[PDB]
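S.K.: Have a look at the structure that comes next, please.
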Amino acid sequence: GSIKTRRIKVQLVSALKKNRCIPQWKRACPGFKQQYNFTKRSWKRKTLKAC
Amino acid sequence: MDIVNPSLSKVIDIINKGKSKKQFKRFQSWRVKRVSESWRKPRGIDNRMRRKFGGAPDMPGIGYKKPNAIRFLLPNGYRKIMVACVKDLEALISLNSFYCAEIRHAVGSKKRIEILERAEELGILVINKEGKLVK
Amino acid sequence: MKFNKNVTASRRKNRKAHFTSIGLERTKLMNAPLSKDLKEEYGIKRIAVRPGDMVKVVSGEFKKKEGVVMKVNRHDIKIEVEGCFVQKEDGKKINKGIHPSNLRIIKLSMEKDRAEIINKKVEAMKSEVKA
Amino acid sequence: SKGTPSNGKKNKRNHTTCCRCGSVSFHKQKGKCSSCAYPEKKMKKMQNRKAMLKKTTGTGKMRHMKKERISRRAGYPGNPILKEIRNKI
Amino acid sequence: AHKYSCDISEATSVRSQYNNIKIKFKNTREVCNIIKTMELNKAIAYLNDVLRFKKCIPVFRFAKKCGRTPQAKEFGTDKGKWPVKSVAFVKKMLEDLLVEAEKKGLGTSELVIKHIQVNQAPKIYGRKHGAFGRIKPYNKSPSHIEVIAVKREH
RNA sequence: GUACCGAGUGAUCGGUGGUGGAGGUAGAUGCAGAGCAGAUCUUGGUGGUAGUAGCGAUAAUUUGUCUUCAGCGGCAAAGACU
RNA sequence: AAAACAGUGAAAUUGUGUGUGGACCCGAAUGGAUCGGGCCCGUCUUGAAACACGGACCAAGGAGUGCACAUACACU
RNA sequence: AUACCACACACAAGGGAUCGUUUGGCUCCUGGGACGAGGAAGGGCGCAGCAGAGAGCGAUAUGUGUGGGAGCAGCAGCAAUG
Ligand SMILES: [K+]
Ligand SMILES: [K+]
Ligand SMILES: [K+]
Ligand SMILES: [K+]
Ligand SMILES: [K+]
Ligand SMILES: [K+]
Ligand SMILES: [K+]
Ligand SMILES: [K+]
Ligand SMILES: [K+]
Ligand SMILES: [K+]
Ligand SMILES: [K+]
Ligand SMILES: [K+]
Ligand SMILES: [K+]
Ligand SMILES: [K+]
Ligand SMILES: [K+]
Ligand SMILES: [Mg+2]
Ligand SMILES: [Mg+2]
Ligand SMILES: [Mg+2]
Ligand SMILES: [Mg+2]
Ligand SMILES: [Mg+2]
Ligand SMILES: [Mg+2]
Ligand SMILES: [Mg+2]
Ligand SMILES: [Mg+2]
Ligand SMILES: [Mg+2]
Ligand SMILES: [Mg+2]
Ligand SMILES: [Mg+2]
Ligand SMILES: [Mg+2]
Ligand SMILES: [Zn+2]
Numbered sequence: 002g003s004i005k006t007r008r009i010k011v012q013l014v015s016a017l018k019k020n021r022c023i024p025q026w027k028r029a030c031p032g033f034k035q036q037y038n039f040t041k042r043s044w045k046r047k048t049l050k051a052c
Numbered sequence: 001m002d003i004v005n006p007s008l009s010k011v012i013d014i015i016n017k018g019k020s021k022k023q024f025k026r027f028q029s030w031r032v033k034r035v036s037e038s039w040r041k042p043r044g045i046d047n048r049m050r051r052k053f054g055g056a057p058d059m060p061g062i063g064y065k066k067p068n069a070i071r072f073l074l075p076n077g078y079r080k081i082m083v084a085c086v087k088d089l090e091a092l093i094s095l096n097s098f099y100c101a102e103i104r105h106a107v108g109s110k111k112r113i114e115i116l117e118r119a120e121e122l123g124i125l126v127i128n129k130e131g132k133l134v135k
Numbered sequence: 001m002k003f004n005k006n007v008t009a010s011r012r013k014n015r016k017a018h019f020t021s022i023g024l025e026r027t028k029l030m031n032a033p034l035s036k037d038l039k040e041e042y043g044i045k046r047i048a049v050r051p052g053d054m055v056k057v058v059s060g061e062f063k064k065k066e067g068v069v070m071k072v073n074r075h076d077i078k079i080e081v082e083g084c085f086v087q088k089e090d091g092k093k094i095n096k097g098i099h100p101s102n103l104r105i106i107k108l109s110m111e112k113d114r115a116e117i118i119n120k121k122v123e124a125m126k127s128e129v130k131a
Numbered sequence: 002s003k004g005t006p007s008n009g010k011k012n013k014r015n016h017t018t019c020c021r022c023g024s025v026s027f028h029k030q031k032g033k034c035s036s037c038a039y040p041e042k043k044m045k046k047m048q049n050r051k052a053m054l055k056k057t058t059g060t061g062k063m064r065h066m067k068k069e070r071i072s073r074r075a076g077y078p079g080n081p082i083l084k085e086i087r088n089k090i
Numbered sequence: 002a003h004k005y006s007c008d009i010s011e012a013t014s015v016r017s018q019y020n021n022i023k024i025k026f027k028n029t030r031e032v033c034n035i036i037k038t039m040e041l042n043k044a045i046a047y048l049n050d051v052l053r054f055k056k057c058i059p060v061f062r063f064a065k066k067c068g069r070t071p072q073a074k075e076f077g078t079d080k081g082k083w084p085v086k087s088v089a090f091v092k093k094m095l096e097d098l099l100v101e102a103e104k105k106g107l108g109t110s111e112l113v114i115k116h117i118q119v120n121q122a123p124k125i126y127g128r129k130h131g132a133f134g135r136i137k138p139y140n141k142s143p144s145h146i147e148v149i150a151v152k153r154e155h
């Protein structure tokens, strides 16, 4: 909800910046072997436990 | 190839027509695909084949073994020996009356030519003569 | 035979040491032999190949060819030589890389620090040769 | 009833993020953390060997301890501007 | 490249194939079965009648509990069906071969459907929720398709 | 690895033709984590049942018109409902 | 928890083509109708085809071992 | 049995066994046995030209000195004034 503590807000801000795919240029690099970022999440499928 | 051992030439056909074509398939290998055809003796308490009821198949045993003279003889009337070198044929020089040579599968073309040339001059029968070297 | 027990003879250890090399140890991998004449012009028997030097290819598809070194790939250990290439379905041409040890040096590129590099190695020999 | 309909009432939250260990296990009413016993001075007894090795020295970064080993190897040389103080001492 | 499932000459034949199509396997092979050995213009005419409910596809292998119908009498059976989604796809596929025939320099007539086959493609997974807290499968079954038509010697 | 053909009472062994693209045996001895149909066996993959059972408690929907390229999607006009 | 090579690519299972049969095995044959014999395996049990239990199908894994102490045999 | 069901063989599907390979594991031996009020071990948050995770590093987030010496893996730019 609208009321939040400072500690809860920083957890949300960090959880929101980490939630991104692999940038499209990295895929062209000779040494790079990842397909998809397995740390990506959806609000419909997991809980953060920020509480 | 149509060749015969000269000592048995007038007898070889009687011998060949006399060989059994019986097979000893494993019990119920016809019923489930997980059981292979290879013989194993049945050991069940109730089993109809072990107990030898009429109508069940026959089991292997010593009675079916061939006479000692006929045994191991190829249909051309010779016994076989495996070879892989020129220096192997040298062993057969005393035995060529009854034995013939079969070159091992892994020996390649360039080497096979050298084996066959030696076989011709020593007078030894090679049964894989055509082999891969037909081309 | 090896009598020093601090040096390893394990296949697993020797292989890891090769592929995970860095720095100066990586440079040692790019060495090639000099031709008979250059081994009189200079003391050295072998040097690390650099752009602009002139090389004869002594093994492979491009055997007998001569040309100038265009590029040095350190990560995938290969050298690109002018005029050694393959053509795609498109007609476009791609330089094919050759492993250092299949080359031989015919003329040295003497740009930059090369003359000092050579001097440093010649002195290191004599220091112990004359003793 | 004790199954599905009772699940609807479960909207309160007894644990929050602990400031000593990070583990979302500080019980607000009890005033105690269930992972690390904060605010007690010592850390909690861990239940078994498997679980405690997950939080030992060397599971994180070891920043200070690594530098100390390198300095000991070098003979504790110190800042080169101040060699005279070192040598006197 | 693609290895077609039988050997017919490149001259005097026309071909097409597709992979992982999203028409339903069992419906598609009942369609293909009935138009085998038929002349191409006849095939296209027949499939137009199926879309209008004027004629039907008869069923023989994937046919349990199916409805009976007076249109099935044309093929000596009682059981038939109208699988619109598969028919629209096959019709498009056949029409394109007449373009290829014309452009290649054969006639638009005397072409006969000599070979046609359907294969199963890998499943696409799905789920439905059941009672007592269970989850059950709800998958999709796509297909692969080949056709070859040849000119009659006559 | 796959078709054929030969040898052995049998456990098994040998050859020939396609596929494959870098390693492999014969004799005598040594050490064993050394042979499967079953255990409501363990893990992974696939059938028959079957184009079948079902997918539709609640207020309700029709016509034109544009997109969509084939969404009862959007907009107008009616008919209903909380 | 799973997940090695962008190699090789078995079996279960599916489609198309060509042949042979109506569950299948053993013995003996025809140009051709077939003749004779056979109940479902494993397991406890006096006694199993059982209206006793386990088994839908295929691959891979899967159960008398190591040490100490006396012992009888064979070998040095 | 025109079309169903079964089996055999050839071709196409479906799955990942087998054989070939291994910058990993395990066991024995030898060395080592070096933390913190000068703020440790462990947690969080920031820092890249395009940068999510991981690695490295602290608002000095690639600074200084010594010994060397050729490129920085993609794209744009840098480099014997390193
Ligand atoms: K809140
Ligand atoms: K949520
Ligand atoms: K036989
Ligand atoms: K019994
Ligand atoms: K006998
Ligand atoms: K927890
Ligand atoms: K403690
Ligand atoms: K079927
Ligand atoms: K098994
Ligand atoms: K058994
Ligand atoms: K593979
Ligand atoms: K493959
Ligand atoms: K029992
Ligand atoms: K009974
Ligand atoms: K029981
Ligand atoms: Mg309450
Ligand atoms: Mg409370
Ligand atoms: Mg019906
Ligand atoms: Mg339901
Ligand atoms: Mg529920
Ligand atoms: Mg090779
Ligand atoms: Mg075992
Ligand atoms: Mg119904
Ligand atoms: Mg009302
Ligand atoms: Mg009883
Ligand atoms: Mg059961
Ligand atoms: Mg096994
Ligand atoms: Zn805590």
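Chains as they are written, first to last, in PDB author numbering: chain LLL, 2 to 52; chain LEE, 1 to 135; chain LY0, 1 to 131; chain LJJ, 2 to 90; chain LP0, 2 to 155.
Beta carbons are placed, not taken as given, at the ideal position from N, Cα and C, and that holds for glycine.
When DSSP builds the beta bridges, which residues end up paired with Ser144 (chain LP0)?
M.R.: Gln121 (chain LP0)
S.K.: Can you tell me which residues form a DSSP beta bridge with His99 (chain LY0)?
M.R.: None, per the DSSP bridge assignment.
S.K.: Would you list the residues sitting across from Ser17 (chain LP0) in a DSSP beta bridge?
M.R.: Per DSSP, the beta bridge partners of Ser17 (chain LP0) are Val148 (chain LP0).
S.K.: If you compare alpha carbons, which of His105 (chain LEE), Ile45 (chain LEE) and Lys129 (chain LEE) is closest to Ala84 (chain LEE)?
M.R.: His105 (chain LEE)
S.K.: Starting from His130 (chain LP0), trace the beta strand (DSSP E) in both directions and tell me its first and last residue.
M.R.: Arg128 to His130
S.K.: Alpha carbon to alpha carbon, how far is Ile146 (chain LP0) from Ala46 (chain LP0)?
M.R.: When rounded, the distance between both Cα atoms is 21 Å.
S.K.: Please determine if the region 26-41 of chain LP0 and the region 67-87 of chain LP0 are in contact, where contact requires at least 3 C-beta pairs separated by less than 8 Å.
M.R.: Contact annotation: the region 26-41 of chain LP0 touches the region 67-87 of chain LP0, with at least three C-beta pairs closer than 8 Å.
S.K.: Output yes or no for whether 9 Å exceeds the beta carbon distance between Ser6 (chain LP0) and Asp97 (chain LP0).
M.R.: no
S.K.: Mind checking whether the beta-carbon of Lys50 (chain LLL) lies closer than 8 Å to any heavy atom of ligand 1?
M.R.: no
S.K.: Just the C-alpha distance for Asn8 (chain LJJ) and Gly61 (chain LJJ), rounded to the nearest angstrom, thanks.
M.R.: 39 Å
S.K.: Going by beta-carbon coordinates alone, are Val58 (chain LY0) and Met70 (chain LY0) separated by less than 9 Å?
M.R.: no
S.K.: By alpha-carbon positions, which one of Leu17 (chain LLL), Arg28 (chain LLL) and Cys30 (chain LLL) ends up nearest to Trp44 (chain LLL)?
M.R.: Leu17 (chain LLL)
S.K.: Run through chain LLL and tell me which residues come within less than 7 Å of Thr17 (chain LJJ), C-beta to C-beta.
M.R.: Here the neighbours are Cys52.
S.K.: Residues bridged to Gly67 (chain LY0) by DSSP?
M.R.: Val55 (chain LY0)
S.K.: Please decide whether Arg8 (chain LLL) counts as near chain LJJ, where near means a Cβ-Cβ distance under 9 Å.
M.R.: yes
S.K.: Measure the C-alpha to C-alpha separation of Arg26 (chain LEE) and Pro67 (chain LEE) and round it to an integer number of angstroms.
M.R.: 26 Å
S.K.: Does the Cβ-Cβ distance between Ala150 (chain LP0) and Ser10 (chain LP0) come in under 9 Å?
M.R.: No, these two residues do not count as a Cβ contact at 9 Å.
S.K.: For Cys20 (chain LJJ), is the classification buried or exposed, using 16 other Cβ atoms within 10 angstroms of its Cβ as the cut-off for buried?
M.R.: exposed
S.K.: Based on the DSSP secondary-structure assignment, which residues constitute the bridge partners of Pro81 (chain LJJ)?
M.R.: DSSP output for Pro81 (chain LJJ) lists no bridge partner at all.
S.K.: Under the assumption that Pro71 (chain LP0) contacts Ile35 (chain LP0) (Cβ atoms under 8 Å), give the Cβ distance between them as a whole number of angstroms.
M.R.: Not really, about 17 Å apart at Cβ, beyond 8 Å.
S.K.: Check whether the Cβ of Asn15 (chain LJJ) lies closer than 8 Å to any heavy atom of ligand 17, and answer yes or no.
M.R.: yes
S.K.: Relative to ligand 3, is the shortest distance from any of its heavy atoms to the C-beta of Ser20 (chain LEE) smaller than 8 Å?
M.R.: yes
S.K.: Mapping DSSP to helix, strand and coil, what is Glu80 (chain LY0)?
M.R.: Residue state, collapsed to three classes: strand.
S.K.: Quick one: list the residues of chain LLL neighbouring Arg14 (chain LJJ), beta-carbon separation under 7 Å, in chain order.
M.R.: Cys52
S.K.: Is it buried or exposed for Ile103 (chain LEE), if we count other Cβ within 10 angstroms and need 16 for buried?
M.R.: buried
S.K.: Report all residues from its chain with a CB closer than 7 Å to the CB of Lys37 (chain LP0); omit the five preceding and five following residues, and keep chain order.
M.R.: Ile114 and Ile117
S.K.: Where do the ends of the beta strand (DSSP E) carrying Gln12 (chain LLL) lie?
M.R.: No beta strand (DSSP E) holds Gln12 (chain LLL); the alpha helix (DSSP H) holding it covers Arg7 to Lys18.
S.K.: For the alpha helix (DSSP H) that contains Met82 (chain LEE), what are its first and last residues?
M.R.: Membership of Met82 (chain LEE) in any alpha helix (DSSP H) is not indicated; the residue belongs instead to the beta strand (DSSP E) covering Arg79 to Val83.
S.K.: Let me know the beta strand (DSSP E) ranges lying completely inside the region 33-67 of chain LJJ, each 3 residues or longer, listed in chain order.
M.R.: none
S.K.: Less than 8 Å separating the Cβ of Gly134 (chain LP0) from some heavy atom of ligand 19?
M.R.: Incorrect: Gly134 (chain LP0) has no Cβ contact closer than 8 Å to ligand 19.
S.K.: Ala122 (chain LP0) to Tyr19 (chain LP0), Cα distance in whole Å?
M.R.: Rounded to whole angstroms, the gap between the alpha carbons of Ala122 (chain LP0) and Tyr19 (chain LP0) is 11 Å.
S.K.: Beta carbon of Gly127 (chain LP0): closer than 8 Å to some heavy atom of ligand 19?
M.R.: no
S.K.: Taking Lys107 (chain LY0) and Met54 (chain LY0) to be in contact with their CB atoms under 8 Å, please state how far apart those CB atoms are, rounded to whole angstroms.
M.R.: 4 Å
S.K.: Does the region 71-80 of chain LJJ come into contact with the region 48-62 of chain LP0, if we say contact requires no fewer than three beta-carbon pairs (one atom in each stretch) closer than 8 Å?
M.R.: no
S.K.: Is the beta carbon of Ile124 (chain LEE) closer than 9 Å to that of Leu74 (chain LEE)?
M.R.: no
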